[PDB]
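Colleague: One structure is given below, represented as structure tokens, and several questions about it will come after.
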Amino acid sequence: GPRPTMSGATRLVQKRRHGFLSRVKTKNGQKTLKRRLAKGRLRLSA
Amino acid sequence: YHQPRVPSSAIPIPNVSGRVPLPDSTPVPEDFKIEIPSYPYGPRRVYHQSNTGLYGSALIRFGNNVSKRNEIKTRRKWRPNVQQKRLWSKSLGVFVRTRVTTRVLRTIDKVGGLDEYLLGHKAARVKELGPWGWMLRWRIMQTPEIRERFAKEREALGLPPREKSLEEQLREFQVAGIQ
Amino acid sequence: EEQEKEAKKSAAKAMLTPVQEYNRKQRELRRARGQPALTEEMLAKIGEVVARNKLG
Amino acid sequence: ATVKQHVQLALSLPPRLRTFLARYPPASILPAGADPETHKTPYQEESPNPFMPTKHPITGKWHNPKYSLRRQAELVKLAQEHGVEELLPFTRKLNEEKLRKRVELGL
Amino acid sequence: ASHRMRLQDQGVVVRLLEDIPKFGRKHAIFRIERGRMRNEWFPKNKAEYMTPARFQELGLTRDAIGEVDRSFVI
RNA sequence: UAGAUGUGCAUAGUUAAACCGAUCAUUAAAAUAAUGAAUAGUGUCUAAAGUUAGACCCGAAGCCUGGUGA
RNA sequence: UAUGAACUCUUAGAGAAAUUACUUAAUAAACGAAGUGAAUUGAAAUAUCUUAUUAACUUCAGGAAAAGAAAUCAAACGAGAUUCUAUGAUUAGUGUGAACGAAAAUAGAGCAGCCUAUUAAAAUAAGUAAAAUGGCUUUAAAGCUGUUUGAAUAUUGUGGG
Ligand SMILES: [K+]
Ligand SMILES: [K+]
Ligand SMILES: [Mg+2]
Ligand SMILES: [Mg+2]
Ligand SMILES: [Mg+2]
Ligand SMILES: [Mg+2]
Ligand SMILES: [Mg+2]
Ligand SMILES: [Mg+2]
Ligand SMILES: [Mg+2]
Ligand SMILES: [Mg+2]
Ligand SMILES: [Mg+2]
Ligand SMILES: [Mg+2]
Ligand SMILES: [Mg+2]
Ligand SMILES: [Mg+2]
Ligand SMILES: [Mg+2]
């Protein structure tokens, strides 16, 4: 069953894993942004 | 590679990447670089190992490993016979170290030396030289032998006599550095 | 920005062999010769062949 | 007046033919008292026959003809429709050359 | 014996320039192993490669290739 | 004005096949000796169908590739 | 038809994008070529095969790119670059099978030829053609290719098919 995995979760780690700079500065991250941008997303990261 | 020092030339043999860093002893003006003209056909997008040696037209090839009974296909690779040899350059007068294939070693003996293998103008050769072979070509062009050889071949073709060479600029900096 | 780009694209002209410099030089002169023109006299003689091979 | 009509027939040919005849004019259309070897055209001096291969004197290598065998047939097929096949130089693609070689030797 | 054998190289044609002892006299054409010419003779300017262009300037033809004379003496 | 051009099917059969041909094939030469095979096709529409495409509809566990996440 | 204004981030460097600190700093996706390259699936199992030179990934490039004026096809008559669509063709052919699968030619869309290329390139092409061997492709040819070897000089019949 599901677990409470977001307990004690900090917003500093949200920006280091799923932030914007963690994608534009990487090879695989540019695909995510280019994929989410072609779909029309407003929230490209975090 | 670790190339030797040219006997009577302040210009060192270019680096694999195309840079020509001069020693600190040689006085150089501020913001000065020895930029080699770009390779016409550009680098090789596959098998970057060939962008740093005399590989001719050889690359890494992919095929199959066919079994004996069922002829089951398995992907394998064919690598060129790349060796590291110290080739003699008459113009430079030193042993230029480079990675050359055994097939290109025969072409060097067929044309009459490394200098004659780098000065070829046919399209099939400029492609075989590659970025590295194109840098050595530029180097031997600065030597006084090739400069005095092309100046003689221009008279046989009815061309006018042919401004300041690169080796002279470095000579003037050693002079200007004293005053 | 473009002047330093064409001077960079055409920077390899100093690495040309004496033969390569000769072919390009001859081409510069050949383009100046132009195209030969057909004089009215020659044009008139060409019309005779056309008329002879069509009418008689 | 007949002369003005002839000049109109020469200027009515396709530009492809007028261009070829301009740089490779045969001795037939040249002036009466003129000589073939003299007053040659810059194109003719390079090679008398553009359809035949020429061996460079300085370098012992054969230069391909200025017009390949395919292009030689386009001019013959284009020159024959306008009655100007007599002005083209010798060619293995000429209608009379293909027929003479067959009748002379045969299969 | 067989109708097909292993492909081997016979050597590179070279023209001596300094009268090497035990091999041949000066201006002697013959086939020598590529290893010695590429590493010992060519760097020391003891010989030169006989390219088809070199054959024309010297006026000789490909039928002028000699043989190695091990018994040569200065 | 004139000329030409644009798949196809059928009109001749027979045999493994060509030659051959209202005849052809086997008979190692042939031959009514014997046996078999000969006369309306073509196009369109309506409908039912064979074939390949998801092929009447719904439904796996799994396999591979590229990415995501400690 | 002209004209004033048109902030911040992606997008200087750093960073937890729309901040810092500076400054008259600035280009997504789809499509294109090459390189690499599966499996489900079908064969009523399954190895060759098929799925498939597919999907996907990587590099490079432009508004398109690639390709292109025959070392092409034809067959004893002749055609005359490349590209797209259809017929040819459930064909020739290969494959044990399952299946895979051309070209000539025809019709249409476009049509453009050249080296003096309407952008500035060749002194006519040698480690090349080709052979053996290991693979790819494929009908055994042709084409691509690692390794080891390695030619000839024009119809006055040299070279490739
Ligand atoms: K078949
Ligand atoms: K083959
Ligand atoms: Mg759990
Ligand atoms: Mg925790
Ligand atoms: Mg590499
Ligand atoms: Mg050996
Ligand atoms: Mg029939
Ligand atoms: Mg930044
Ligand atoms: Mg900024
Ligand atoms: Mg088709
Ligand atoms: Mg079965
Ligand atoms: Mg040629
Ligand atoms: Mg080959
Ligand atoms: Mg053959
Ligand atoms: Mg061939």
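Residue numbering restarts at 1 in every chain; chains get A, B, ... in the order shown in the structure tokens, and ligands count up from 1 in that same order.
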Kindly provide, as a PyMOL selection string, all nucleotide and amino acid residues lying within 8 Å of ligand 14, counting only C-alpha atoms (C1' of nucleotides) and all ligand atoms.

Modeller: chain G and resi 141-142+161

Colleague: Give me the residues within 10 Å of residue D:5 as a list in words, counting only C-alpha atoms (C1' of nucleotides) and dropping any in the same chain fewer than 4 places off.

Modeller: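 Here the qualifying residues turn out to be residues 44, 47, 48 and 51 of chain C; 1, 9 and 10 of chain D.
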
Colleague: For the residues in that selection, give me N, CA, C and O atoms as a short mmCIF file (atom, residue, chain, number, x, y, z; two decimals), in the first residue's frame.

Modeller:
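Below you can see result_33.cif, which holds the result:
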data_model
loop_
_atom_site.label_atom_id
_atom_site.label_comp_id
_atom_site.auth_asym_id
_atom_site.auth_seq_id
_atom_site.Cartn_x
_atom_site.Cartn_y
_atom_site.Cartn_z
N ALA C 44 23.62 34.40 -90.95
CA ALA C 44 22.99 34.24 -92.26
C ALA C 44 23.30 32.88 -92.87
O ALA C 44 22.43 32.25 -93.48
N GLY C 47 21.17 30.18 -91.34
CA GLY C 47 19.80 30.15 -91.83
C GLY C 47 19.66 29.40 -93.13
O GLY C 47 18.62 28.77 -93.38
N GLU C 48 20.68 29.44 -93.99
CA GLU C 48 20.62 28.70 -95.24
C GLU C 48 20.50 27.21 -95.00
O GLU C 48 19.72 26.52 -95.67
N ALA C 51 16.91 26.48 -93.80
CA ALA C 51 15.95 26.56 -94.90
C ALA C 51 16.16 25.42 -95.88
O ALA C 51 15.19 24.86 -96.41
N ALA D 1 16.28 40.72 -99.13
CA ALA D 1 15.28 40.36 -98.13
C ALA D 1 15.49 38.92 -97.66
O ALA D 1 15.28 38.60 -96.49
N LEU D 9 16.02 32.82 -89.03
CA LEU D 9 16.00 31.39 -88.78
C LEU D 9 17.11 30.99 -87.81
O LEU D 9 16.92 30.09 -86.98
N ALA D 10 18.26 31.65 -87.90
CA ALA D 10 19.36 31.35 -86.99
C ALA D 10 19.06 31.85 -85.58
O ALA D 10 19.45 31.20 -84.60
#

Colleague: Counting only C-alpha atoms (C1' of nucleotides), which residues of chain G come no farther than 12 Å from chain D, as a PDB file with N, CA, C and O atoms (P, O5', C5', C4', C3', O3' and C1' of nucleotides), in the first residue's frame?

Modeller:
ATOM      1  P     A G  69      25.038  13.666 -61.473  1.00  0.00           P
ATOM      2  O5'   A G  69      24.992  15.025 -62.303  1.00  0.00           O
ATOM      3  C5'   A G  69      25.672  15.141 -63.548  1.00  0.00           C
ATOM      4  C4'   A G  69      24.781  14.789 -64.713  1.00  0.00           C
ATOM      5  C3'   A G  69      25.150  15.460 -66.032  1.00  0.00           C
ATOM      6  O3'   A G  69      24.831  14.599 -67.121  1.00  0.00           O
ATOM      7  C1'   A G  69      22.986  16.148 -65.381  1.00  0.00           C
ATOM      8  P     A G  70      25.937  13.581 -67.684  1.00  0.00           P
ATOM      9  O5'   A G  70      26.183  12.587 -66.466  1.00  0.00           O
ATOM     10  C5'   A G  70      26.993  11.430 -66.621  1.00  0.00           C
ATOM     11  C4'   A G  70      26.565  10.325 -65.691  1.00  0.00           C
ATOM     12  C3'   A G  70      27.392   9.050 -65.795  1.00  0.00           C
ATOM     13  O3'   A G  70      27.469   8.410 -64.522  1.00  0.00           O
ATOM     14  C1'   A G  70      25.148   8.581 -66.365  1.00  0.00           C
ATOM     15  P     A G  71      28.647   8.786 -63.495  1.00  0.00           P
ATOM     16  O5'   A G  71      29.784   7.720 -63.817  1.00  0.00           O
ATOM     17  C5'   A G  71      29.501   6.331 -63.807  1.00  0.00           C
ATOM     18  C4'   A G  71      30.091   5.658 -65.019  1.00  0.00           C
ATOM     19  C3'   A G  71      29.837   4.167 -65.166  1.00  0.00           C
ATOM     20  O3'   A G  71      28.561   3.876 -65.709  1.00  0.00           O
ATOM     21  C1'   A G  71      32.124   4.623 -65.553  1.00  0.00           C
ATOM     22  P     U G  72      27.741   2.577 -65.230  1.00  0.00           P
ATOM     23  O5'   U G  72      26.554   3.172 -64.350  1.00  0.00           O
ATOM     24  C5'   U G  72      25.919   4.385 -64.721  1.00  0.00           C
ATOM     25  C4'   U G  72      24.416   4.301 -64.630  1.00  0.00           C
ATOM     26  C3'   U G  72      23.773   2.993 -65.071  1.00  0.00           C
ATOM     27  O3'   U G  72      23.754   2.007 -64.054  1.00  0.00           O
ATOM     28  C1'   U G  72      22.672   4.789 -66.125  1.00  0.00           C
ATOM     29  P     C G  73      23.220   0.527 -64.381  1.00  0.00           P
ATOM     30  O5'   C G  73      21.751   0.767 -64.952  1.00  0.00           O
ATOM     31  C5'   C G  73      21.101  -0.215 -65.748  1.00  0.00           C
ATOM     32  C4'   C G  73      19.920   0.363 -66.487  1.00  0.00           C
ATOM     33  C3'   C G  73      19.252  -0.547 -67.505  1.00  0.00           C
ATOM     34  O3'   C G  73      18.344  -1.467 -66.926  1.00  0.00           O
ATOM     35  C1'   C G  73      19.590   1.586 -68.460  1.00  0.00           C
ATOM     36  P     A G  76      16.986  -6.348 -80.295  1.00  0.00           P
ATOM     37  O5'   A G  76      17.741  -5.793 -81.582  1.00  0.00           O
ATOM     38  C5'   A G  76      18.013  -4.403 -81.719  1.00  0.00           C
ATOM     39  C4'   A G  76      19.289  -4.148 -82.484  1.00  0.00           C
ATOM     40  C3'   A G  76      19.558  -5.099 -83.650  1.00  0.00           C
ATOM     41  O3'   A G  76      20.243  -4.401 -84.689  1.00  0.00           O
ATOM     42  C1'   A G  76      21.339  -5.216 -82.134  1.00  0.00           C
ATOM     43  P     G G  78      17.649   3.003 -84.439  1.00  0.00           P
ATOM     44  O5'   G G  78      16.654   3.422 -83.270  1.00  0.00           O
ATOM     45  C5'   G G  78      17.035   4.377 -82.293  1.00  0.00           C
ATOM     46  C4'   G G  78      16.318   4.131 -80.991  1.00  0.00           C
ATOM     47  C3'   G G  78      16.588   5.124 -79.875  1.00  0.00           C
ATOM     48  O3'   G G  78      15.832   6.315 -80.004  1.00  0.00           O
ATOM     49  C1'   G G  78      16.756   2.930 -79.027  1.00  0.00           C
ATOM     50  P     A G  79      16.417   7.715 -79.477  1.00  0.00           P
ATOM     51  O5'   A G  79      16.081   7.697 -77.921  1.00  0.00           O
ATOM     52  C5'   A G  79      14.746   7.507 -77.482  1.00  0.00           C
ATOM     53  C4'   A G  79      14.684   7.021 -76.056  1.00  0.00           C
ATOM     54  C3'   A G  79      15.195   7.982 -74.996  1.00  0.00           C
ATOM     55  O3'   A G  79      14.229   8.950 -74.629  1.00  0.00           O
ATOM     56  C1'   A G  79      16.059   5.810 -74.597  1.00  0.00           C
ATOM     57  P     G G  80      14.563  10.518 -74.723  1.00  0.00           P
ATOM     58  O5'   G G  80      15.539  10.769 -73.491  1.00  0.00           O
ATOM     59  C5'   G G  80      15.257  10.222 -72.207  1.00  0.00           C
ATOM     60  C4'   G G  80      16.498  10.171 -71.354  1.00  0.00           C
ATOM     61  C3'   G G  80      17.147  11.525 -71.083  1.00  0.00           C
ATOM     62  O3'   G G  80      17.775  11.521 -69.801  1.00  0.00           O
ATOM     63  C1'   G G  80      18.657  10.158 -72.271  1.00  0.00           C
ATOM     64  P     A G  81      16.903  11.679 -68.462  1.00  0.00           P
ATOM     65  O5'   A G  81      17.960  12.183 -67.384  1.00  0.00           O
ATOM     66  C5'   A G  81      19.078  11.379 -67.043  1.00  0.00           C
ATOM     67  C4'   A G  81      19.759  11.869 -65.791  1.00  0.00           C
ATOM     68  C3'   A G  81      18.950  11.768 -64.508  1.00  0.00           C
ATOM     69  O3'   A G  81      18.971  10.476 -63.931  1.00  0.00           O
ATOM     70  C1'   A G  81      19.878  13.922 -64.665  1.00  0.00           C
ATOM     71  P     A G 112      13.143  24.418 -67.783  1.00  0.00           P
ATOM     72  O5'   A G 112      14.693  24.476 -68.148  1.00  0.00           O
ATOM     73  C5'   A G 112      15.236  23.657 -69.180  1.00  0.00           C
ATOM     74  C4'   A G 112      16.515  22.981 -68.750  1.00  0.00           C
ATOM     75  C3'   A G 112      16.330  21.654 -68.020  1.00  0.00           C
ATOM     76  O3'   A G 112      17.433  20.789 -68.294  1.00  0.00           O
ATOM     77  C1'   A G 112      17.403  23.188 -66.589  1.00  0.00           C
ATOM     78  P     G G 113      17.533  20.025 -69.703  1.00  0.00           P
ATOM     79  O5'   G G 113      18.490  20.950 -70.577  1.00  0.00           O
ATOM     80  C5'   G G 113      19.895  20.965 -70.363  1.00  0.00           C
ATOM     81  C4'   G G 113      20.337  22.223 -69.660  1.00  0.00           C
ATOM     82  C3'   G G 113      21.799  22.605 -69.829  1.00  0.00           C
ATOM     83  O3'   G G 113      22.080  23.259 -71.053  1.00  0.00           O
ATOM     84  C1'   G G 113      21.244  22.709 -67.550  1.00  0.00           C
ATOM     85  P     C G 114      23.600  23.369 -71.560  1.00  0.00           P
ATOM     86  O5'   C G 114      24.393  23.859 -70.268  1.00  0.00           O
ATOM     87  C5'   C G 114      25.759  23.530 -70.067  1.00  0.00           C
ATOM     88  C4'   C G 114      26.227  23.963 -68.700  1.00  0.00           C
ATOM     89  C3'   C G 114      27.727  23.928 -68.454  1.00  0.00           C
ATOM     90  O3'   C G 114      28.398  25.051 -68.996  1.00  0.00           O
ATOM     91  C1'   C G 114      26.605  22.974 -66.609  1.00  0.00           C
ATOM     92  P     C G 115      29.907  24.918 -69.532  1.00  0.00           P
ATOM     93  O5'   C G 115      30.787  24.913 -68.205  1.00  0.00           O
ATOM     94  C5'   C G 115      30.679  25.971 -67.261  1.00  0.00           C
ATOM     95  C4'   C G 115      31.684  25.837 -66.144  1.00  0.00           C
ATOM     96  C3'   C G 115      33.144  25.759 -66.589  1.00  0.00           C
ATOM     97  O3'   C G 115      33.985  26.443 -65.660  1.00  0.00           O
ATOM     98  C1'   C G 115      32.583  23.813 -65.369  1.00  0.00           C
ATOM     99  P     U G 116      35.320  27.174 -66.178  1.00  0.00           P
ATOM    100  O5'   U G 116      34.878  28.683 -66.428  1.00  0.00           O
ATOM    101  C5'   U G 116      34.650  29.563 -65.332  1.00  0.00           C
ATOM    102  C4'   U G 116      33.556  30.559 -65.622  1.00  0.00           C
ATOM    103  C3'   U G 116      32.215  29.952 -66.023  1.00  0.00           C
ATOM    104  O3'   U G 116      31.140  30.735 -65.500  1.00  0.00           O
ATOM    105  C1'   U G 116      33.009  31.345 -67.765  1.00  0.00           C
ATOM    106  P     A G 122      40.118  23.992 -58.349  1.00  0.00           P
ATOM    107  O5'   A G 122      39.602  22.719 -59.156  1.00  0.00           O
ATOM    108  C5'   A G 122      39.482  21.448 -58.527  1.00  0.00           C
ATOM    109  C4'   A G 122      39.892  20.320 -59.443  1.00  0.00           C
ATOM    110  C3'   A G 122      41.196  20.537 -60.210  1.00  0.00           C
ATOM    111  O3'   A G 122      41.909  19.307 -60.326  1.00  0.00           O
ATOM    112  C1'   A G 122      39.437  20.162 -61.736  1.00  0.00           C
ATOM    113  P     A G 123      43.308  19.109 -59.561  1.00  0.00           P
ATOM    114  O5'   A G 123      44.386  19.717 -60.563  1.00  0.00           O
ATOM    115  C5'   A G 123      44.894  18.954 -61.647  1.00  0.00           C
ATOM    116  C4'   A G 123      44.635  19.631 -62.969  1.00  0.00           C
ATOM    117  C3'   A G 123      45.183  18.929 -64.200  1.00  0.00           C
ATOM    118  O3'   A G 123      44.364  17.864 -64.647  1.00  0.00           O
ATOM    119  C1'   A G 123      45.733  21.222 -64.295  1.00  0.00           C
ATOM    120  P     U G 124      45.034  16.500 -65.167  1.00  0.00           P
ATOM    121  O5'   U G 124      43.877  15.418 -65.014  1.00  0.00           O
ATOM    122  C5'   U G 124      43.447  14.995 -63.727  1.00  0.00           C
ATOM    123  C4'   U G 124      42.122  14.276 -63.784  1.00  0.00           C
ATOM    124  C3'   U G 124      41.998  13.227 -64.885  1.00  0.00           C
ATOM    125  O3'   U G 124      41.167  12.160 -64.433  1.00  0.00           O
ATOM    126  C1'   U G 124      40.365  14.897 -65.211  1.00  0.00           C
ATOM    127  P     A G 125      41.696  10.642 -64.454  1.00  0.00           P
ATOM    128  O5'   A G 125      42.184  10.368 -62.962  1.00  0.00           O
ATOM    129  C5'   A G 125      43.493  10.734 -62.532  1.00  0.00           C
ATOM    130  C4'   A G 125      43.505  11.175 -61.089  1.00  0.00           C
ATOM    131  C3'   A G 125      42.884  10.187 -60.111  1.00  0.00           C
ATOM    132  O3'   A G 125      43.516  10.297 -58.836  1.00  0.00           O
ATOM    133  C1'   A G 125      41.621  12.188 -60.120  1.00  0.00           C
ATOM    134  P     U G 153      49.361   1.564 -69.636  1.00  0.00           P
ATOM    135  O5'   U G 153      48.332   2.611 -70.253  1.00  0.00           O
ATOM    136  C5'   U G 153      47.461   2.229 -71.311  1.00  0.00           C
ATOM    137  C4'   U G 153      46.479   3.321 -71.655  1.00  0.00           C
ATOM    138  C3'   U G 153      47.107   4.632 -72.120  1.00  0.00           C
ATOM    139  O3'   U G 153      46.284   5.243 -73.113  1.00  0.00           O
ATOM    140  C1'   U G 153      45.826   5.018 -70.171  1.00  0.00           C
ATOM    141  P     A G 154      46.561   4.957 -74.670  1.00  0.00           P
ATOM    142  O5'   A G 154      45.108   4.813 -75.306  1.00  0.00           O
ATOM    143  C5'   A G 154      44.089   5.754 -74.993  1.00  0.00           C
ATOM    144  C4'   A G 154      42.763   5.391 -75.614  1.00  0.00           C
ATOM    145  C3'   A G 154      42.289   6.350 -76.702  1.00  0.00           C
ATOM    146  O3'   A G 154      41.496   5.654 -77.664  1.00  0.00           O
ATOM    147  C1'   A G 154      40.765   6.401 -74.903  1.00  0.00           C
ATOM    148  P     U G 155      42.190   4.861 -78.877  1.00  0.00           P
ATOM    149  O5'   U G 155      41.012   4.686 -79.936  1.00  0.00           O
ATOM    150  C5'   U G 155      39.803   4.024 -79.579  1.00  0.00           C
ATOM    151  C4'   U G 155      38.929   3.754 -80.779  1.00  0.00           C
ATOM    152  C3'   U G 155      38.460   4.996 -81.533  1.00  0.00           C
ATOM    153  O3'   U G 155      38.349   4.706 -82.927  1.00  0.00           O
ATOM    154  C1'   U G 155      36.584   3.810 -80.732  1.00  0.00           C
ATOM    155  P     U G 158      42.302  -2.110 -76.050  1.00  0.00           P
ATOM    156  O5'   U G 158      42.689  -0.952 -75.029  1.00  0.00           O
ATOM    157  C5'   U G 158      43.892  -1.019 -74.280  1.00  0.00           C
ATOM    158  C4'   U G 158      43.843  -0.123 -73.070  1.00  0.00           C
ATOM    159  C3'   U G 158      42.748  -0.432 -72.062  1.00  0.00           C
ATOM    160  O3'   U G 158      43.084  -1.488 -71.181  1.00  0.00           O
ATOM    161  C1'   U G 158      42.756   1.881 -72.521  1.00  0.00           C
ATOM    162  P     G G 159      41.964  -2.539 -70.710  1.00  0.00           P
ATOM    163  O5'   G G 159      41.104  -1.725 -69.646  1.00  0.00           O
ATOM    164  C5'   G G 159      41.701  -1.230 -68.459  1.00  0.00           C
ATOM    165  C4'   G G 159      40.776  -0.297 -67.723  1.00  0.00           C
ATOM    166  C3'   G G 159      39.400  -0.848 -67.385  1.00  0.00           C
ATOM    167  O3'   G G 159      39.390  -1.674 -66.234  1.00  0.00           O
ATOM    168  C1'   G G 159      39.163   1.286 -68.346  1.00  0.00           C
TER     169        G G 159
END

Colleague: At a cut-off of 9 Å, can you tabulate as a Markdown table every residue of chain A near ligand 3 together with its closest atom pair and the distance in Å to one decimal, using only C-alpha atoms and all ligand atoms and ordering rows by chain then number?

Modeller:
| residue | atom | partner | partner_atom_place_in_ligand_line | distance |
| --- | --- | --- | --- | --- |
| A:1 | CA | ligand 3 | 1 (Mg) | 5.7 |
| A:2 | CA | ligand 3 | 1 (Mg) | 5.9 |
| A:3 | CA | ligand 3 | 1 (Mg) | 6.6 |

Colleague: Quick one: write out the picked residues with N, CA and C atoms as a short mmCIF file (atom, residue, chain, number, x, y, z; two decimals), in the first residue's frame?

Modeller:
data_model
loop_
_atom_site.label_atom_id
_atom_site.label_comp_id
_atom_site.auth_asym_id
_atom_site.auth_seq_id
_atom_site.Cartn_x
_atom_site.Cartn_y
_atom_site.Cartn_z
N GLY A 1 0.80 -1.21 0.00
CA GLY A 1 0.00 0.00 0.00
C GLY A 1 0.84 1.26 0.00
N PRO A 2 0.22 2.40 -0.29
CA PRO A 2 0.97 3.66 -0.31
C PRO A 2 1.55 3.98 1.06
N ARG A 3 2.64 4.74 1.04
CA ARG A 3 3.36 5.14 2.24
C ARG A 3 3.47 6.65 2.33
#

Colleague: Residues within 12 Å of ligand 2 (only C-alpha atoms (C1' of nucleotides) and all ligand atoms), as a ChimeraX atom specification?

Modeller: /G:130-131,136-138,140-145

Colleague: Give the residue list for ligand 8 at 10 Å, counting only C-alpha atoms (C1' of nucleotides) and all ligand atoms, as a list in words, sorted by chain and then by residue number.

Modeller: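 Here is the list of contacting residues: residues 21 and 25 of chain A; 10, 11, 12, 13, 14, 15, 17 and 25 of chain G.
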
Colleague: Please check which protein, DNA or RNA residues sit within 12 Å of ligand 7, counting only C-alpha atoms (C1' of nucleotides) and all ligand atoms, and write them as a ChimeraX atom specification.

Modeller: /F:10-14,21
